[PDB]
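First up is the structure itself, then whatever we jot down about it.
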Amino acid sequence: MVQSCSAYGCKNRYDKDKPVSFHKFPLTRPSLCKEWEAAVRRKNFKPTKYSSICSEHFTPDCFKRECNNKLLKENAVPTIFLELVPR
Ligand SMILES: [Zn+2]
């Protein structure tokens, strides 16, 4: 537990061992960004400290980029909270 994320009551942990990464709510990805909202599903993901997501929810394939701490290409999505379902 060396870093928080948006995911309500998440079990993330920025440890030297745990290869978990963290990202901040992006602006380059807007429409798709709506998807990120699902990543939260909370009252209203306030960009104050919640404007960020952890890898634990993202798909391994979404980490194709070997950047410093910015891995969430157009593909990026918090699948784990994929609300998109047969309404
Ligand atoms: Zn998380």
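Order determines the names: the first chain of the structure tokens is A, the second B, and so forth; residues in each chain are numbered 1 upward, and ligands are numbered 1 upward as they are shown.
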- Message: Could you list, as a list in words, every residue within 8 Å of residue A:51, counting only C-alpha atoms and ignoring same-chain residues fewer than 3 positions away?
- Response: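 Residues near the query, excluding close chain neighbours: residues 6, 24, 25, 45, 46, 47 and 48 of chain A.
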Dump of N, CA and C atoms for the selected residues, as a compact mmCIF listing (two decimals), in the first residue's frame:
# COMPACT_ATOMS: atom_id res chain seq x y z
N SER A 6 -8.18 5.11 -8.13
CA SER A 6 -9.57 5.55 -8.11
C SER A 6 -10.50 4.43 -7.66
N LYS A 24 -2.97 8.61 -14.38
CA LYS A 24 -3.85 9.71 -14.02
C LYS A 24 -4.93 9.90 -15.08
N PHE A 25 -6.11 10.36 -14.69
CA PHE A 25 -7.19 10.57 -15.64
C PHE A 25 -6.70 11.43 -16.80
N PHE A 45 -16.35 10.38 -9.38
CA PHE A 45 -14.88 10.38 -9.42
C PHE A 45 -14.29 11.79 -9.48
N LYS A 46 -14.10 12.39 -8.31
CA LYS A 46 -13.56 13.74 -8.22
C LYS A 46 -12.07 13.76 -8.59
N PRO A 47 -11.72 14.42 -9.71
CA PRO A 47 -10.33 14.52 -10.20
C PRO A 47 -9.32 15.06 -9.19
N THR A 48 -9.78 15.39 -7.98
CA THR A 48 -8.90 15.92 -6.95
C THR A 48 -7.78 14.94 -6.63
- Message: Need to verify the contact set: residue A:42, 9 Å, only C-alpha atoms, exclusion of same-chain residues closer than 4 positions in sequence. Can you return it as number ranges by chain?
- Response: A: 6-8, 37-38
Got time to write the residues from that selection, C-alpha atoms, as a PDB file, in the first residue's frame?
ATOM      1  CA  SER A   6      -9.574   5.545  -8.112  1.00  0.00           C
ATOM      2  CA  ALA A   7     -11.100   2.072  -7.884  1.00  0.00           C
ATOM      3  CA  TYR A   8     -13.212   2.155  -4.711  1.00  0.00           C
ATOM      4  CA  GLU A  37     -15.804   6.381 -15.449  1.00  0.00           C
ATOM      5  CA  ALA A  38     -16.735   2.729 -15.173  1.00  0.00           C
TER       6      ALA A  38
END
With only C-alpha atoms and all ligand atoms counted, collect every polymer residue having an atom within 10 Å of ligand 1; state the result as a tab-separated table (two decimals) with C-alpha atoms, in the first residue's frame.
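Wrote result_24.tsv, looks like this:
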chain	number	residue	atom	x	y	z
A	3	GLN	CA	-0.03	4.32	-3.71
A	4	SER	CA	-3.75	4.82	-4.09
A	5	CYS	CA	-6.03	4.51	-7.09
A	6	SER	CA	-9.57	5.55	-8.11
A	7	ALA	CA	-11.10	2.07	-7.88
A	8	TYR	CA	-13.21	2.15	-4.71
A	9	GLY	CA	-11.55	0.13	-1.96
A	10	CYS	CA	-8.84	-1.04	-4.31
A	11	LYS	CA	-6.14	-3.51	-3.23
A	12	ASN	CA	-3.36	-1.91	-5.24
A	13	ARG	CA	0.15	-1.47	-3.86
A	20	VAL	CA	1.70	-2.58	-10.42
A	21	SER	CA	1.52	0.73	-12.29
A	22	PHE	CA	-0.63	3.82	-11.83
A	23	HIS	CA	-2.10	6.34	-14.27
A	39	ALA	CA	-13.31	2.20	-13.66
A	40	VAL	CA	-14.67	4.17	-10.74
A	52	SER	CA	-6.12	8.19	-11.66
A	53	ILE	CA	-6.36	4.46	-12.24
A	54	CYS	CA	-4.17	1.48	-11.39
A	55	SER	CA	-3.10	-1.36	-13.75
A	56	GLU	CA	-4.92	-3.98	-11.67
A	57	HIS	CA	-8.07	-3.05	-13.64
A	58	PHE	CA	-6.44	-2.53	-17.04
A	78	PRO	CA	-10.48	-0.64	-17.22
A	80	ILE	CA	-12.76	-5.01	-14.88
- DSSP says strand (DSSP E or B) for which residues of stretch 7-56 of chain A? Put them as a ChimeraX atom specification? /A:22-24,52-54
Put those residues in a file: N, CA, C and O atoms, as a PDB file, in the first residue's frame.
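Printed below is out-v3.pdb as written:
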ATOM      1  N   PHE A  22       0.461   2.894 -12.068  1.00  0.00           N
ATOM      2  CA  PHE A  22      -0.633   3.822 -11.825  1.00  0.00           C
ATOM      3  C   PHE A  22      -0.685   4.896 -12.907  1.00  0.00           C
ATOM      4  O   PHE A  22       0.346   5.308 -13.440  1.00  0.00           O
ATOM      5  N   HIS A  23      -1.894   5.328 -13.237  1.00  0.00           N
ATOM      6  CA  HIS A  23      -2.100   6.337 -14.272  1.00  0.00           C
ATOM      7  C   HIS A  23      -3.070   7.418 -13.799  1.00  0.00           C
ATOM      8  O   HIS A  23      -3.902   7.173 -12.934  1.00  0.00           O
ATOM      9  N   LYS A  24      -2.968   8.609 -14.380  1.00  0.00           N
ATOM     10  CA  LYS A  24      -3.853   9.714 -14.018  1.00  0.00           C
ATOM     11  C   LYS A  24      -4.929   9.896 -15.085  1.00  0.00           C
ATOM     12  O   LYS A  24      -4.691   9.616 -16.260  1.00  0.00           O
ATOM     13  N   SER A  52      -7.194   9.129 -11.365  1.00  0.00           N
ATOM     14  CA  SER A  52      -6.116   8.189 -11.661  1.00  0.00           C
ATOM     15  C   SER A  52      -6.616   6.761 -11.543  1.00  0.00           C
ATOM     16  O   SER A  52      -7.577   6.487 -10.831  1.00  0.00           O
ATOM     17  N   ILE A  53      -5.970   5.855 -12.254  1.00  0.00           N
ATOM     18  CA  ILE A  53      -6.363   4.463 -12.236  1.00  0.00           C
ATOM     19  C   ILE A  53      -5.127   3.587 -12.086  1.00  0.00           C
ATOM     20  O   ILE A  53      -4.025   4.001 -12.445  1.00  0.00           O
ATOM     21  N   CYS A  54      -5.296   2.377 -11.563  1.00  0.00           N
ATOM     22  CA  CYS A  54      -4.165   1.480 -11.393  1.00  0.00           C
ATOM     23  C   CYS A  54      -4.266   0.316 -12.394  1.00  0.00           C
ATOM     24  O   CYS A  54      -5.354   0.009 -12.880  1.00  0.00           O
TER      25      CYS A  54
END
- Query: How far is it from atom CA of residue A:68 to atom CA of residue A:19, in Å with one decimal?
  - Reply: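 These two atoms are separated by 12.9 Å.
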- Query: Which distance in Å separates atom CA of residue A:18 and atom CA of residue A:41, to one decimal?
  - Reply: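 Going from atom CA of residue A:18 over to atom CA of residue A:41, I get 25.1 Å.
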- Which residues, written as JSON, numbers by chain, have at least one atom at most 9 Å from residue A:84, with only C-alpha atoms counted and residues fewer than 3 positions away on the same chain left out? {"A": [35, 38, 81, 87]}
Prev. selection, N, CA and C atoms, output as a compact mmCIF listing (two decimals), in the first residue's frame:
# COMPACT_ATOMS: atom_id res chain seq x y z
N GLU A 35 -15.44 5.43 -20.50
CA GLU A 35 -15.19 4.08 -20.06
C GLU A 35 -14.48 4.10 -18.73
N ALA A 38 -16.36 4.05 -15.64
CA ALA A 38 -16.74 2.73 -15.17
C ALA A 38 -15.68 2.21 -14.22
N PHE A 81 -14.26 -3.07 -14.86
CA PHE A 81 -15.47 -2.34 -14.53
C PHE A 81 -16.27 -2.02 -15.79
N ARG A 87 -28.13 -4.03 -21.88
CA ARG A 87 -29.13 -3.24 -21.16
C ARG A 87 -30.54 -3.76 -21.43
- Counting only C-alpha atoms, which of A:29, A:49, A:34, A:16 gets nearest to residue A:75? A:29
- Figure out the distance between atom CA of residue A:83 and atom CA of residue A:15, please, to one decimal in Å.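 About the pair atom CA of residue A:15 and atom CA of residue A:83: they are 29.4 Å apart.
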- From a DSSP calculation on the backbone, collect every residue of chain A in alpha helix (DSSP H) and output the set as a ChimeraX atom specification. /A:33-40
